[PDB]
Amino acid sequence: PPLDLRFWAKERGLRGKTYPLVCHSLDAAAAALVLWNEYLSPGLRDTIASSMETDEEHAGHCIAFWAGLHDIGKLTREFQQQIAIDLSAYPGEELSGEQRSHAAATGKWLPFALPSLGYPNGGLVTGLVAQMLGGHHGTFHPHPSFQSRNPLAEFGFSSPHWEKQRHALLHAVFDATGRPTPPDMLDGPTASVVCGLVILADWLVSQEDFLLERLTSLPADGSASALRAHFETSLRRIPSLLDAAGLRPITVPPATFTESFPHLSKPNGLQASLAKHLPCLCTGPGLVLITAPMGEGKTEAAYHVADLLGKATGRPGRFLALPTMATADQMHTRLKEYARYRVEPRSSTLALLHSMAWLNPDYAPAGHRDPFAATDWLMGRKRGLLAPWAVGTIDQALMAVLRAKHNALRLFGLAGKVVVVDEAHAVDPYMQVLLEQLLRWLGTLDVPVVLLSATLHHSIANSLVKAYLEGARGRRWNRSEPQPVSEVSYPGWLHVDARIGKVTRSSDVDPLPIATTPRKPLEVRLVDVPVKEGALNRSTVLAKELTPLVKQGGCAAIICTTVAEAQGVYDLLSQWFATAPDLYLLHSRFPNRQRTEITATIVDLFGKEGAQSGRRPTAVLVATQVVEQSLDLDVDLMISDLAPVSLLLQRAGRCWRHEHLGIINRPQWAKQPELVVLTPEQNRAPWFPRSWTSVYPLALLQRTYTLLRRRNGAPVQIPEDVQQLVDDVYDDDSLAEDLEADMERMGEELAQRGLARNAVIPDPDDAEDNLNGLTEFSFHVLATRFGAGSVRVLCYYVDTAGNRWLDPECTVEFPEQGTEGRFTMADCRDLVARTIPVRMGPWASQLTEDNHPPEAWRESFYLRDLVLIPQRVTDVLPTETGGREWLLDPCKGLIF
């Protein structure tokens, strides 16, 4: 029966016109084909065509054929009747009131029409193709279950008339795609990644511009003549669409390490070691774990190893995962220069992928595009990982393995990339489970991985590589099977072949250790300090300790476990200084603009471009664990509250950071690089402040103390002594005298891994014949990090009236509306820059309408969710809101 064009697919935005369901259907199939040929990484084409066991060309047309059937579920009454249309020729199929999504209908119709063109009736390939297509709106569904010998009728397709028109369309796209035969195999994971492509296809050809243009040249009628024509047209128009979006590949020439970094005279031990023994190893899918100190060129080493594996795997894409928005920003710059130098583009964007990317001027847009420039299309919402190259927060990749809508899109996203995750030592137990499940899915999808780290506990390292190997190899780990990683070297690198699972430790090919920057050992000195009312009266020990610095000069940092304590020290220091030397305070609770300003002048004093510029003073910094995030600091003395060793040794890396540059003059009192470790005095298991034991688990603080004491003042040889300690704090059980504290720590840790497992998509082998796990969830949006999270507040000022102001000075009004009534992005940036990150608590509950944003604001993404904290000013008082009193000190940051 010749097909009827009265059935539609798109109505909206077309101004009283309709686009025919076939014209969409063909477009989507046209789109997938081009995507298959010009977007998909070559290696990935291979991976997919492998799974179906057929040539790429055949696999190409299959997928295209499948893309054509995506919106077939629209050819029902429930859907068609949404707008005016004449169905007088189509009696039957009267509304059931199920109100079933067209996508759901596609998955329900396909398993029973498909075999009419050779697919195995009740067969897995058919089962998967239908399920996968039925999920083209970011939600899979269960396989159709039925109790009769006429499932088609059982599922509501009961009319000869209607059933004839679905079949017409089944055959129209079959034909236009040149009748491809059914593949013999198809696995869950492959199918998911294909679903992503199919989704990119539909989206691409759904843009209002592209539609309007096809509305001009609609087909005259439903002939194979007319439909063959329509397809082949859209076919030509699609590679355009790729450019507008910036989805064109960024392929990059092979190169040795020095061809790739010509500005580098003397590559270091790590880079030489990697560049030398790696290419021979890198012969396809694998993972590589570099674990090395800071100031060793891990970055260029990464790009290099990435560059090898990329070529080995037919995968020119890149995702770099960073721990923070900031470091993702910085790296996004570096990787872009790297791109410019390295490639001979301008239709390929190097995306930046985190939640504050819009509010960055130099990324976002405000034909002749600048190379690697962002594109409107890629600027949201679930699209980022579709950028050919991208760097972002690690949180962006972890979303792929969380059970949420459209995760198949992001899985597709990554499947052609070479993924690189920096700072793995940074990932807590909850996150580490998401990472393991991602690794497992990247493993099975033939995507190579580079992991970079500073010291890593062997257990984590093992767990991560095991995860990647599990994914690579099809089956999970035996109880009997030996562990893949029993020891880690710092410095060290390690390679893992997917194909045979062989692991090559760096030491295996070279008995010498990898040369790092030589450096003096670190004096670590434990110091008792009197408790006063369950707190730390540091008043004295600061005297004793800071005195040389006040006389002869230098630079030193005090790191306190909480922000409260952080502020009190700066106060206590301040009084003292009434009676050069400078004083600074850093932590989370500062307005953005202010934090970005402090940090800039803090690194400029204590960092490196200060020392080279001789701007480095003759000075104290107080901070919390912001110091553990990347800050170019070099202090002479460091004093920290006891924290876990890994975090102490982390912290301590700021001691004499740049001694290896000749250009530095340590004051005479500074005999050796030193970290002073404050711990309270006691009176049979070590006690610590409640304040401390709520941020770090109690036992671990014990185990660190216990372990530090055991050394008797001994310095820490760096890096010979480090990894040892990191391993040991968790491994040597004799280090925990409090079995109740050590057991809770374990329970708390089990609790974090547990929530995670609840939160992540299936193992690939659990998903082999069934994709529904990927999107299934019951009883809100799943998190990539454990905890009650954080909210952004913004302080406003009330005079004796009270009128709303944005400064204590009450000259800049509180903008109730914004510069066309609505807010420009630049308005938002102004507002957001004022804001402060504040951890969720009980206070969140007890809010009022005067803590909620005005009504204009609600219409702005970045603004709707701000909480407002009033500040009472008279001719600025602490102000109750939530249940406590908030004062935003300008020198000390937010207080409560």
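Quick note: we count residues from 1 along the sequence shown, nothing fancier.
In the deposited sequence, the stretch from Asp875 to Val876 hides 1 to 3 residues that have no coordinates. According to the entry, the stretch of the deposited sequence that connects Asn683 to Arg684 contains 4 to 9 residues lacking coordinates, which leaves a gap of moderate length in the model. Per the PDB record, of the two stretches 526-534 and 319-327, 526-534 carries the greater mean B-factor over its C-alpha atoms. Once the C-alpha B-factors are averaged per stretch, 796-804 and 596-604 rank with 796-804 first. Taking only the listed residues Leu774, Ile460, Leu637, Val485, the entry reports the highest CA temperature factor at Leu637. The PDB entry gives the largest Cα B-factor of the residues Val812, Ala767, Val305, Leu648 to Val812. Ranked by C-alpha B-factor against the other modelled residues of its chain, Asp738 falls in the highest third. Residue-level temperature factors show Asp763 in the lowest third of its chain, judged at the C-alpha atom. Compared with the other modelled residues of the chain, the Cα B-factor recorded for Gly43 ranks in the lowest third. When the modelled residues of the chain are ordered by their C-alpha B factor, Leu21 lands in the lowest third. Sort the modelled residues of the chain by CA B factor and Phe823 lands in the highest third.
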